[PDB]
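> Pasting in a structure now, in structure tokens, and then I'll have a few things to ask.
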Amino acid sequence: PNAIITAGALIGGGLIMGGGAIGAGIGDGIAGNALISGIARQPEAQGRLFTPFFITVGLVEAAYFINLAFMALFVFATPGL
Amino acid sequence: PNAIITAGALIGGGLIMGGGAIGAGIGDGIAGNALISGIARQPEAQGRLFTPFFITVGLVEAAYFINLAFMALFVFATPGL
Amino acid sequence: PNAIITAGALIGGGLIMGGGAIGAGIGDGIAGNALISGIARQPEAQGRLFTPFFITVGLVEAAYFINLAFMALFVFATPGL
Amino acid sequence: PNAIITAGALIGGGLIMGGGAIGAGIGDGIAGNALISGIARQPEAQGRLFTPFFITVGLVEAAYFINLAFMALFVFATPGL
Amino acid sequence: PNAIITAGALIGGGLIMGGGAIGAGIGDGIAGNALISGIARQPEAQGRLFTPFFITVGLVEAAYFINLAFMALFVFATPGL
Amino acid sequence: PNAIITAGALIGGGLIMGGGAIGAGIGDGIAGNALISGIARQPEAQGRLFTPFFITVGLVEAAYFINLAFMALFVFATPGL
Amino acid sequence: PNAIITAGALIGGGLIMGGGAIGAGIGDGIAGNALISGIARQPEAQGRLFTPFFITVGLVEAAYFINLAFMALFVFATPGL
Amino acid sequence: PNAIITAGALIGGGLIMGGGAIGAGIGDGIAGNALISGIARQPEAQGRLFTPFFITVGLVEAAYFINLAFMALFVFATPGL
Amino acid sequence: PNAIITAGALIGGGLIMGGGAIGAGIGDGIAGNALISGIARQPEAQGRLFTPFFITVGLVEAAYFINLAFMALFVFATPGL
Amino acid sequence: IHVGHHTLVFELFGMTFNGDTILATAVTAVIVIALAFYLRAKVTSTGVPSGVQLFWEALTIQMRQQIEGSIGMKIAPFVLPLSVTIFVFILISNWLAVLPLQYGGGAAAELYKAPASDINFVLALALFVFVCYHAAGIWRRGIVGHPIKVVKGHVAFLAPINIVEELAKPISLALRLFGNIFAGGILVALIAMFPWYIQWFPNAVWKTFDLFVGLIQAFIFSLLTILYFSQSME
Amino acid sequence: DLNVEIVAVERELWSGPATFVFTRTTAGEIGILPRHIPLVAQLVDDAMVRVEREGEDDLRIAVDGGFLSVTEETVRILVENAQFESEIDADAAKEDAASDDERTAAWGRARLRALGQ
Amino acid sequence: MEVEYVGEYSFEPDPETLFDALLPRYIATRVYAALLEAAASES
Amino acid sequence: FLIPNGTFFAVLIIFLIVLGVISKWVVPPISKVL
Amino acid sequence: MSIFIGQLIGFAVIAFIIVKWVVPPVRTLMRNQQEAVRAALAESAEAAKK
Ligand SMILES: COc1cc([C@](O)(CCN(C)C)[C@@H](c2cc3cc(Br)ccc3nc2OC)c2cc(OC)nc(OC)c2OC)cc(OC)n1
Ligand SMILES: COc1cc([C@](O)(CCN(C)C)[C@@H](c2cc3cc(Br)ccc3nc2OC)c2cc(OC)nc(OC)c2OC)cc(OC)n1
Ligand SMILES: COc1cc([C@](O)(CCN(C)C)[C@@H](c2cc3cc(Br)ccc3nc2OC)c2cc(OC)nc(OC)c2OC)cc(OC)n1
Ligand SMILES: COc1cc([C@](O)(CCN(C)C)[C@@H](c2cc3cc(Br)ccc3nc2OC)c2cc(OC)nc(OC)c2OC)cc(OC)n1
Ligand SMILES: COc1cc([C@](O)(CCN(C)C)[C@@H](c2cc3cc(Br)ccc3nc2OC)c2cc(OC)nc(OC)c2OC)cc(OC)n1
Ligand SMILES: COc1cc([C@](O)(CCN(C)C)[C@@H](c2cc3cc(Br)ccc3nc2OC)c2cc(OC)nc(OC)c2OC)cc(OC)n1
Ligand SMILES: COc1cc([C@](O)(CCN(C)C)[C@@H](c2cc3cc(Br)ccc3nc2OC)c2cc(OC)nc(OC)c2OC)cc(OC)n1
């Protein structure tokens with residue numbers, strides 16, 4: 001019975017990390033696209049563009065971390081087992 | 001009975017958090033892309049752009065937080081169990 | 001029999017919330033990207049631009065809410081039970 | 001036998017509305033991005049932008065509505081039940 | 001029995017409609033983005049622009065219809081039943 | 001035995017149509033966005049802009065067709081049945 | 001036993017082809033969007049634009065082909081039967 | 001017991017290739033869109049754009065082919081069996 | 001019971017790797033799009049653009065392999081086995 | 001499909017060796033050595049270059065331009081031979097698979113299987129490049145200095161991410177090359193399941209594009225090696 | 001073929017037809033071949049122009065803060081001051097490239113770039 | 001300068017910056033034309 | 001099949017030989033040619 | 001037997017494709033570079049004579 005509970009927990013944690021990976025990768029790629037475009041158009045602006053960047057990547061990479069944390073809770077401390 | 005419901009709740013919460021992370025990460029990337037582009041382009045605008053940026057990020061992380069709350073409900077207070 | 005339907009309803013509600021979160025987050029990000037760019041290049045135009053923006057966010061948010069409703073209908077008032 | 005079909009119908013309706021919400025949110029975000037940017041750049045044409053906007057949204061909201069309808073048909077009038 | 005076949009058909013039709021909704025919504029939102037941007041930059045072009053628009057929307061909304069033609073086949077006919 | 005195979009084939013065909021619809025709709029929308037923007041920027045280009053378009057569409061419509069075939073194989077001629 | 005493996009292979013091949021169709025269609029649409037936009041910008045570059053195009057189309061269509069091969073492995077030559 | 005593991009491995013490999021194909025196709029399309037746009041704006045840049053292009057492709061393709069490798073491990077040398 | 005555990009772990013690892021592939025490929029393509037465009041506009045900017053680029057890709061790749069690091073833990077360690 | 005299954009496997013020095021992969025690597029090595037020796041015999045500064053001279057000149061010029069554009073040739077003289085040899089080795093390994101060396105057992109067998117299809121080959125090249133550019137970084141920065149810069153990278157507060165990206169440099173560089181060729185080895189096997197009268201079409205279309213795919217993979221491997229050197233060195 | 005005309009503020013400087021024109025506008029590098037869509041852009045302060053003249057060799061021009069216009073009829077390069085590659089004094093351009101004055105330094109660097117560095 | 005609306009293209013970078021960088025050039029060319037015409041009148 | 005083997009070294013050795021030959025027979029010669 | 005033949009027909013098709021559409025550009029490209037280098041040697045020779 002746990003069998004089924006922990007199998008579902010594994011699938012759910014896989015879903016959590018798949019969504020976190022998609023969101024983190026694509027959001028970081030988009031923020032990096034903006035940063036690279038800004039540094040290419042304004043070479044001297046790079047110093048400034050890293051504060052908006054890490055804020056963006058801060059919100060993006062935060063979500064991933066939370067997902068990762070919850071995945072652990074799903075996988076190593078599966079609720080309702 | 002309990003095992004099946006728990007496994008289904010785990011998979012559903014995993015779906016909730018995966019979709020929430022996808023939405024949060026990609027929306028944060030898309031909003032921070034505009035923030036970085038605007039700051040690059042108009043460095044003095046850095047202060048004026050953070051209000052639209054915070055409106056957008058609030059709308060995105062509100063979705064993320066609602067999804068997180070409903071995943072917590074699914075996995076810790078599994079309805080119908 | 002109720003356990004199978006409950007697990008299916010939990011998975012379906014998780015799907016509804018995942019899709020709603022993805023759509024809401026990405027649509028909010030896209031609309032906010034438009035708003036941020038328009039307010040960067042036209043500082044005084046933010047008022048004009050908050051009109052279409054809230055219309056857009058109105059259509060996006062709306063969908064999420066509807067999903068949030070039906071997930072509840074799936075989870076608390078499972079149609080098939 | 002009806003429990004399995006009911007769970008399958010719940011999962012199918014969840015998929016229907018997940019896809020519908022994703023499409024609606026992202027399509028509305030993209031169309032609203034167009035509208036906001038066009039109004040920001042050329043406000044004098046604001047009215048002219050609403051005919052091609054509500055058309056596009058009219059398409060997007062059609063796709064959502066149809067899906068919602070079928071979701072109902074899946075969950076309340078499950079075919080093959 | 002064929003109850004498993006019916007549940008699989010419902011899940012498959014749900015996938016068909018979800019994918020069709022995502023594709024139609026996002027694709028016609030992109031096409032409408034192009035239409036709105038073109039009309040904003042050239043408000044007198046609206047007539048000319050509706051020719052290519054309805055072509056791409058003809059391609060984007062055809063894919064939806066075909067899927068709706070096959071989802072109906074899945075749940076109402078269920079060829080493998 | 002054949003019931004499980006048929007249910008799996010229906011789910012697989014649903015996945016095939018969902019992915020084909022997503023790809024076709026979004027790719028056709030993107031190509032149509034390019035076409036509409038090109039025609040808006042300059043009308044006389046229309047005659048040439050339909051050669052790259054029908055090429056791109058031919059690539060985006062071929063994939064869908066291939067999926068259209070394989071789903072037709074999955075459900076009507078389920079391999080391994 | 002063969003029934004379960006065949007159903008899983010059908011679902012996996014459906015995933016392979018759905019992902020392949022999504023990737024190929026959206027990548028072809030994006031590359032053809034670039035091609036259409038370029039041929040709008042500079043028609044005389046049409047012939048020069050077909051070299052980077054078919055390379056890009058070569059890169060995505062290779063992946064698709066590999067996908068189409070592996071699905072054929074899953075469906076007709078199920079490795080773990 | 002081996003049948004269930006084999007079916008799960010087939011589904012996992014299908015997911016791996018679906019994600020890999022989506023990422024490969026879309027990322028390659030985006031990189032080739034940048035390449036074609038650059039060669040349209042400056043047709044004499046072809047030579048210098050293949051270095052940052054195949055770097056980008058080299059990154060994108062990695063995500064695909066690594067996944068491909070692991071599918072084989074899932075499919076032909078299933079970690080559990 | 002371990003058969004269900006392994007099947008669930010394989011499906012979860014497939015989801016992890018598929019999401020990682022989607023995120024990594026699409027984000028790397030998005031960032032390399034900015035890189036290629038900036039090099040096309042300013043060839044001399046090449047060396048300048050690789051500093052931010054390899055930061056952003058450095059994050060995106062880090063989202064992939066971390067997910068991969070977890071997929072191994074799902075399939076070779078299989079927590080809860 | 002019998003994925004895996006290296007033939008000519010033997011054992012020596014208490015460890016196993018995949019004989020077929022070693023044979024393919026030796027064949028590629030002798031082809032590259034023949035090209036190099038024919039160049040050496042017929043390398044002309046004043047006369048009209050031969051075909052091999054033009055090939056080697058173009059490859060060396062491309063890699064020298066890559067090095068100069070990322071890290072000065074004065075700093076990186078040893079990396080041009082590395083890039084050229086990596087490029088030619090991978091290119092010849094991949095292209096030798098286009099020869100019709102596939103027959104029927106009743107499963108399909110192949111006299112020459114591309115060495116990159118084996119994990120050992122791609123892992124060996126990737127780890128060699130990894131050790132090489134880490135040693136170059138140590139030389140140009142110091143034994144203790146180089147690890148500090150590697151961990152810090154360009155952003156200090158992203159220290160773990162760097163430590164991952166670093167470990168990602170070899171793995172990807174290997175697996176990116178592995179799966180691309182390994183996958184091909186499967187497709188040709190899968191296409192072998194077709195009857196002869198329809199097998200030639202999918203096989204032909206696959207391998208015609210596989211020529212370009214192997215060329216692009218060799219180019220990418222060499223280009224990313226040069227890029228990693230540029231990075232690890234300053 | 002392109003109708004390429006380069007017009008200095010003092011006088012019309014060049015009017016020969018061409019097959020391809022090339023220059024670094026303020027927002028990136030650009031090339032124009034016949035039937036290019038209408039365009040307006042600003043050449044970089046140290047910009048140079050390559051005109052792929054159909055008959056003879058290409059023409060390399062150092063341009064001082066010019067503007068670029070593309071039209072259905074002709075491709076116009078408005079110029080404050082320009083010099084063909086044959087007229088550039090290499091030593092003078094080298095000396096100016098190190099000048100402290102922004103305008104003089106930009107003009108000298110443009111002359112060097114047009115000459116062939 | 002008066003804006004002279006009368007009864008009834010692409011821009012790189014955006015038309016606001018290009019127009020701002022062009023207007024001083026317009027004033028310069030008009031002053032140059034004034035000087036040339038003053039020289040002609042003087043002769 | 002993803003587990004490395006002794007062939008690893010058997011490959012590396014061979015590659016080194018090529019790396020040696022191209023290091024002297026090819027690059028410096030082509031180098032001086034150019 | 002059948003597999004060999006079919007892959008041999010495939011290789012024949014590949015060879016025909018490369019000979020008809022890939023060999024002409026590359027061989028002649030190398031060829032044009034060759035012409036160039038030889039004519040450059042020629043210009044050097046002439047300058048020496050001058
Ligand atoms: C870093 O650690 C966090 C952060 C969160 C956030 O959700 C953001 C996550 N994201 C960046 C992906 C966050 C949040 C919530 C918002 C809710 C609405 Br509605 C609208 C905007 C919001 N913006 C938000 O910040 C962007 C939040 C939630 C919360 O409660 C759990 N307490 C908070 O206060 C201390 C709080 O702020 C820090 C959650 C969390 O949980 C595991 N761990
Ligand atoms: C405060 O945290 C929230 C917010 C919501 C929202 O849905 C938005 C979430 N979003 C960010 C994804 C929100 C909402 C609904 C809309 C419905 C339509 Br139709 C059209 C536009 C809408 N715009 C909306 O906000 C812009 C909402 C819904 C609601 O219903 C129960 N009561 C509300 O009042 C307290 C409410 O706030 C106005 C839901 C929620 O549920 C747990 N918690
Ligand atoms: C909370 O409010 C809503 C709104 C809806 C909508 O579907 C919008 C969905 N969106 C936000 C993603 C909405 C709608 C339908 C359209 C149909 C076509 Br065809 C074309 C355009 C449309 N545009 C639409 O937006 C305005 C709608 C549906 C409806 O249901 C029979 N009755 C309506 O009349 C009162 C209605 O408003 C005209 C649904 C809903 O369901 C719970 N609750
Ligand atoms: C809201 O109401 C609808 C609308 C539809 C449409 O599919 C559009 C849905 N979309 C906007 C997401 C629609 C349609 C079909 C097309 C087919 C091809 Br091929 C090419 C272009 C098309 N464009 C279309 O409109 C944009 C349609 C379909 C149809 O048959 C089912 N009968 C119709 O005429 C009475 C009809 O209207 C022309 C279906 C439907 O079904 C539940 N309900
Ligand atoms: C509306 O009715 C349709 C249309 C189709 C299409 O697939 C297009 C659907 N799309 C717009 C989402 C269509 C098609 C196929 C192509 C194949 C390649 Br390779 C390359 C380009 C293509 N472009 C295509 O049109 C744009 C098609 C398919 C077909 O199937 C045997 N027979 C056809 O007649 C020769 C046919 O042309 C009308 C299918 C269908 O089936 C349910 N019903
Ligand atoms: C209905 O038409 C098709 C077309 C295909 C393609 O896959 C493209 C599909 N896509 C656009 C979504 C196609 C193809 C293959 C490529 C392989 C590599 Br590696 C690299 C680039 C490629 N580019 C390709 O098209 C640009 C292809 C495959 C093939 O397979 C035996 N024979 C071909 O004959 C030469 C062939 O060219 C027509 C397949 C197919 O089968 C179901 N039906
Ligand atoms: C070995 O590499 C890593 C890196 C991580 C990160 O999650 C980012 C992964 N990403 C790039 C996809 C990372 C992180 C966390 C953040 C949390 C918030 Br809230 C907001 C921004 C963040 N940005 C972050 O980096 C961009 C992180 C995690 C962590 O684990 C407790 N400890 C950290 O500090 C010592 C830490 O920082 C470096 C995780 C990991 O686990 C397998 N391995």
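Ligands are numbered from 1 in the order shown, chains are lettered A, B, ... in the order of the structure tokens, and residues start at 1 in each chain.
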Return as a list in words every polymer residue, whether protein, DNA or RNA, with at least one atom no more than 7 Å from an atom of ligand 2; count only C-alpha atoms and all ligand atoms.
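The distance check yields residues 59, 60, 62, 63 and 66 of chain B; 21, 24, 58, 59, 61, 62, 63, 64, 65 and 66 of chain C.
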> Dump N, CA, C and O atoms for the selected residues as a PDB file, in the first residue's frame?

ATOM      1  N   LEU B  59       1.351  39.643  -9.696  1.00  0.00           N
ATOM      2  CA  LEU B  59       0.357  38.819 -10.374  1.00  0.00           C
ATOM      3  C   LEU B  59       0.871  37.413 -10.659  1.00  0.00           C
ATOM      4  O   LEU B  59       0.082  36.462 -10.676  1.00  0.00           O
ATOM      5  N   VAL B  60       2.178  37.258 -10.888  1.00  0.00           N
ATOM      6  CA  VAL B  60       2.719  35.938 -11.213  1.00  0.00           C
ATOM      7  C   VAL B  60       2.936  35.110  -9.947  1.00  0.00           C
ATOM      8  O   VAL B  60       2.516  33.944  -9.861  1.00  0.00           O
ATOM      9  N   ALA B  62       1.461  35.527  -7.182  1.00  0.00           N
ATOM     10  CA  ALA B  62       0.173  35.197  -6.591  1.00  0.00           C
ATOM     11  C   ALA B  62      -0.341  33.869  -7.127  1.00  0.00           C
ATOM     12  O   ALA B  62      -0.838  33.033  -6.366  1.00  0.00           O
ATOM     13  N   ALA B  63      -0.215  33.655  -8.439  1.00  0.00           N
ATOM     14  CA  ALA B  63      -0.546  32.354  -9.004  1.00  0.00           C
ATOM     15  C   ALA B  63       0.323  31.265  -8.403  1.00  0.00           C
ATOM     16  O   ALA B  63      -0.178  30.193  -8.038  1.00  0.00           O
ATOM     17  N   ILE B  66      -0.865  30.587  -4.796  1.00  0.00           N
ATOM     18  CA  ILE B  66      -2.134  29.869  -4.764  1.00  0.00           C
ATOM     19  C   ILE B  66      -1.916  28.402  -5.111  1.00  0.00           C
ATOM     20  O   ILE B  66      -2.484  27.503  -4.476  1.00  0.00           O
TER      21      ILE B  66
ATOM     22  N   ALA C  21      -2.210  27.753 -13.733  1.00  0.00           N
ATOM     23  CA  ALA C  21      -1.015  28.436 -13.261  1.00  0.00           C
ATOM     24  C   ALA C  21      -0.072  28.752 -14.411  1.00  0.00           C
ATOM     25  O   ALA C  21       0.448  29.865 -14.499  1.00  0.00           O
ATOM     26  N   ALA C  24      -1.813  31.547 -16.527  1.00  0.00           N
ATOM     27  CA  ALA C  24      -1.881  32.807 -15.801  1.00  0.00           C
ATOM     28  C   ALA C  24      -0.500  33.422 -15.642  1.00  0.00           C
ATOM     29  O   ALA C  24      -0.304  34.607 -15.920  1.00  0.00           O
ATOM     30  N   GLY C  58      -7.241  41.038 -17.143  1.00  0.00           N
ATOM     31  CA  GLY C  58      -8.597  40.634 -16.843  1.00  0.00           C
ATOM     32  C   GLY C  58      -8.942  39.320 -17.509  1.00  0.00           C
ATOM     33  O   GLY C  58      -9.532  38.433 -16.887  1.00  0.00           O
ATOM     34  N   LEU C  59      -8.563  39.181 -18.779  1.00  0.00           N
ATOM     35  CA  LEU C  59      -8.845  37.948 -19.503  1.00  0.00           C
ATOM     36  C   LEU C  59      -7.970  36.806 -19.000  1.00  0.00           C
ATOM     37  O   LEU C  59      -8.419  35.657 -18.930  1.00  0.00           O
ATOM     38  N   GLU C  61      -6.297  36.562 -15.800  1.00  0.00           N
ATOM     39  CA  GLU C  61      -6.742  36.238 -14.453  1.00  0.00           C
ATOM     40  C   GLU C  61      -8.072  35.504 -14.512  1.00  0.00           C
ATOM     41  O   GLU C  61      -8.258  34.497 -13.828  1.00  0.00           O
ATOM     42  N   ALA C  62      -8.998  36.001 -15.327  1.00  0.00           N
ATOM     43  CA  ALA C  62     -10.303  35.357 -15.371  1.00  0.00           C
ATOM     44  C   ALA C  62     -10.152  33.855 -15.560  1.00  0.00           C
ATOM     45  O   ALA C  62     -10.661  33.067 -14.754  1.00  0.00           O
ATOM     46  N   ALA C  63      -9.404  33.443 -16.588  1.00  0.00           N
ATOM     47  CA  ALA C  63      -9.258  32.019 -16.862  1.00  0.00           C
ATOM     48  C   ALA C  63      -8.774  31.278 -15.627  1.00  0.00           C
ATOM     49  O   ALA C  63      -9.413  30.318 -15.179  1.00  0.00           O
ATOM     50  N   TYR C  64      -7.674  31.743 -15.031  1.00  0.00           N
ATOM     51  CA  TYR C  64      -7.185  31.127 -13.805  1.00  0.00           C
ATOM     52  C   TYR C  64      -8.319  30.930 -12.816  1.00  0.00           C
ATOM     53  O   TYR C  64      -8.561  29.812 -12.344  1.00  0.00           O
ATOM     54  N   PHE C  65      -9.056  32.001 -12.518  1.00  0.00           N
ATOM     55  CA  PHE C  65     -10.113  31.898 -11.523  1.00  0.00           C
ATOM     56  C   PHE C  65     -11.081  30.787 -11.886  1.00  0.00           C
ATOM     57  O   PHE C  65     -11.407  29.936 -11.049  1.00  0.00           O
ATOM     58  N   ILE C  66     -11.514  30.745 -13.147  1.00  0.00           N
ATOM     59  CA  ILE C  66     -12.435  29.697 -13.564  1.00  0.00           C
ATOM     60  C   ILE C  66     -11.831  28.332 -13.278  1.00  0.00           C
ATOM     61  O   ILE C  66     -12.472  27.469 -12.666  1.00  0.00           O
TER      62      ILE C  66
END
> Run DSSP on the backbone and grab whatever in range 15-214 of chain J lands in alpha helix (DSSP H); send it over as a ChimeraX atom specification.
/J:19-41,51-70,79-95,119-141,145-152,159-192,196-214
> Rank nothing, just name the residue among G:67, G:56, G:78, G:42 nearest to residue 28 in chain G, using only C-alpha atoms.
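When distances to residue 28 in chain G are compared using only C-alpha atoms, the smallest one comes from G:56.
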> What is the distance between atom 37 (O, counted along the ligand's line) of ligand 7 and CA of residue 37 in chain A, in Å to one decimal?
25.4 Å
> Please list as a list in words every residue within 12 Å of range 28-43 of chain L, counting only C-alpha atoms and excluding residues in the same chain fewer than 2 positions away.
residues 8, 9, 10, 11, 78, 79 and 80 of chain K; 1, 21, 22, 23, 24, 25 and 26 of chain L
> If you keep N, CA, C and O atoms, can you produce a file of those selected residues as an mmCIF file, in the first residue's frame?

data_model
loop_
_atom_site.group_PDB
_atom_site.id
_atom_site.type_symbol
_atom_site.label_atom_id
_atom_site.label_comp_id
_atom_site.auth_asym_id
_atom_site.auth_seq_id
_atom_site.Cartn_x
_atom_site.Cartn_y
_atom_site.Cartn_z
ATOM 1 N N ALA K 8 27.241 64.513 -49.349
ATOM 2 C CA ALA K 8 27.769 65.334 -48.273
ATOM 3 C C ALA K 8 26.939 66.603 -48.144
ATOM 4 O O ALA K 8 26.257 67.024 -49.080
ATOM 5 N N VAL K 9 26.997 67.215 -46.961
ATOM 6 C CA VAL K 9 26.224 68.432 -46.733
ATOM 7 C C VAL K 9 26.663 69.534 -47.682
ATOM 8 O O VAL K 9 25.835 70.321 -48.156
ATOM 9 N N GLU K 10 27.960 69.617 -47.974
ATOM 10 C CA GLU K 10 28.447 70.647 -48.880
ATOM 11 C C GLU K 10 28.128 70.333 -50.333
ATOM 12 O O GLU K 10 27.850 71.249 -51.113
ATOM 13 N N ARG K 11 28.160 69.061 -50.715
ATOM 14 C CA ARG K 11 28.036 68.683 -52.115
ATOM 15 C C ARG K 11 27.614 67.225 -52.192
ATOM 16 O O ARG K 11 27.724 66.479 -51.216
ATOM 17 N N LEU K 78 23.583 60.273 -46.271
ATOM 18 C CA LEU K 78 23.812 61.668 -45.935
ATOM 19 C C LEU K 78 25.048 61.753 -45.053
ATOM 20 O O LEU K 78 25.209 60.958 -44.126
ATOM 21 N N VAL K 79 25.921 62.705 -45.350
ATOM 22 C CA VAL K 79 27.245 62.755 -44.748
ATOM 23 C C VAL K 79 27.564 64.180 -44.329
ATOM 24 O O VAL K 79 27.320 65.131 -45.081
ATOM 25 N N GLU K 80 28.110 64.327 -43.123
ATOM 26 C CA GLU K 80 28.705 65.595 -42.727
ATOM 27 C C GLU K 80 30.041 65.796 -43.429
ATOM 28 O O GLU K 80 30.349 66.896 -43.900
ATOM 29 N N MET L 1 10.906 74.941 -33.615
ATOM 30 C CA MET L 1 10.331 74.730 -34.932
ATOM 31 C C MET L 1 8.848 74.400 -34.826
ATOM 32 O O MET L 1 8.422 73.602 -33.989
ATOM 33 N N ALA L 21 18.556 62.860 -32.542
ATOM 34 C CA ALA L 21 19.908 63.010 -33.068
ATOM 35 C C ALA L 21 19.918 63.678 -34.435
ATOM 36 O O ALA L 21 20.960 64.185 -34.863
ATOM 37 N N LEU L 22 18.782 63.681 -35.135
ATOM 38 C CA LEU L 22 18.718 64.300 -36.452
ATOM 39 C C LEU L 22 18.394 65.787 -36.386
ATOM 40 O O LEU L 22 18.929 66.563 -37.184
ATOM 41 N N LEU L 23 17.528 66.202 -35.462
ATOM 42 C CA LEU L 23 17.109 67.602 -35.435
ATOM 43 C C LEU L 23 18.274 68.575 -35.317
ATOM 44 O O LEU L 23 18.286 69.572 -36.062
ATOM 45 N N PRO L 24 19.246 68.379 -34.425
ATOM 46 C CA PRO L 24 20.409 69.277 -34.430
ATOM 47 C C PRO L 24 21.104 69.315 -35.775
ATOM 48 O O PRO L 24 21.591 70.373 -36.191
ATOM 49 N N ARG L 25 21.150 68.184 -36.480
ATOM 50 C CA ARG L 25 21.706 68.183 -37.826
ATOM 51 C C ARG L 25 20.861 69.028 -38.768
ATOM 52 O O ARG L 25 21.397 69.698 -39.658
ATOM 53 N N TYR L 26 19.538 69.007 -38.598
ATOM 54 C CA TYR L 26 18.684 69.867 -39.410
ATOM 55 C C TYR L 26 18.991 71.335 -39.156
ATOM 56 O O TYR L 26 19.087 72.135 -40.093
#
> Could you tell me which of C:25, C:20, C:38, C:79 comes closest to ligand 3 if we count only C-alpha atoms and all ligand atoms?
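Among the listed residues, the smallest separation from ligand 3 belongs to C:20.
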> Go through G:74, G:10, G:27, G:3 and flag the residue nearest chain H, using only C-alpha atoms for the distances.
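Of G:74, G:10, G:27, G:3, the one nearest chain H, counting only C-alpha atoms, is G:27.
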> For the contact check between chain F and chain K, emit one row per residue of chain F within 12 Å, containing the shortest atom pair and the distance in Å rounded to one decimal, counting only C-alpha atoms, chain then rising number order, as CSV.

residue,atom,partner,partner_atom,distance
F:38,CA,K:37,CA,9.9
F:39,CA,K:37,CA,11.2
F:40,CA,K:37,CA,11.7
F:41,CA,K:37,CA,8.2
F:42,CA,K:37,CA,7.2
F:43,CA,K:37,CA,10.5
F:44,CA,K:37,CA,10.1
F:45,CA,K:37,CA,9.0
F:48,CA,K:35,CA,11.7
> So that I can check the surroundings of residue 73 in chain H, please list as an MDAnalysis selection string every protein, DNA and RNA residue that reaches within 10 Å of it, counting only C-alpha atoms and ignoring chain neighbours fewer than 6 positions away.
(chainID H and resid 9 13 67 79) or (chainID J and resid 3) or (chainID M and resid 1:2)
> Provide the CA of residue 75 in chain C to CA of residue 8 in chain A distance in Å, to one decimal place.
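Atom-to-atom, CA of residue 75 in chain C to CA of residue 8 in chain A, that is 17.7 Å.
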